[PDB]
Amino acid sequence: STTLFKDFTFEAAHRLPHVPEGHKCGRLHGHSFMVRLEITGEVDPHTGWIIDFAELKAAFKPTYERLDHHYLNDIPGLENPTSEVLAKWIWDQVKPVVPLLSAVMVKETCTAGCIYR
């Protein structure tokens, strides 16, 4: 009934393979992505934390490193790297290392994002 969240940003290149022929999103293009990891459980009586942040950064780092300053399409499972797919992919990578993960949000621009539960 308490939730935490943490934002990270990464710089990346991608393109959408399944859009019609002219579409601007089929060009190779890039963005400053924002990812929000959201976490839900009990507040620890001694530490007063649901989770240490240094834990959360450590458990995300392997996945973060694959995304940042990379080309998304070269990453297995991101063959079609829209926000929807990216956020599912991210959940799939993070959830088995962060059991208390309750949601992933991805934002490609400042005016548009996607949330996966």
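Note that residue numbering follows the sequence shown and begins at 1.
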Out of 74-82 and 48-56, which stretch has the higher average CA B-factor listed in the record?
48-56
Select lowest, middle or highest to describe the third in which the CA B-factor of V43 falls within its chain in this entry.
highest
Once the chain's modelled residues are ordered by C-alpha B factor and cut into thirds, is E21 in the lowest, middle or highest one?
highest
Compared with the other modelled residues in the chain, in which third is the CA B-factor of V97?
highest
When the modelled residues of the chain are sorted by Cα temperature factor, does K61 land in the lowest, middle or highest third?
highest
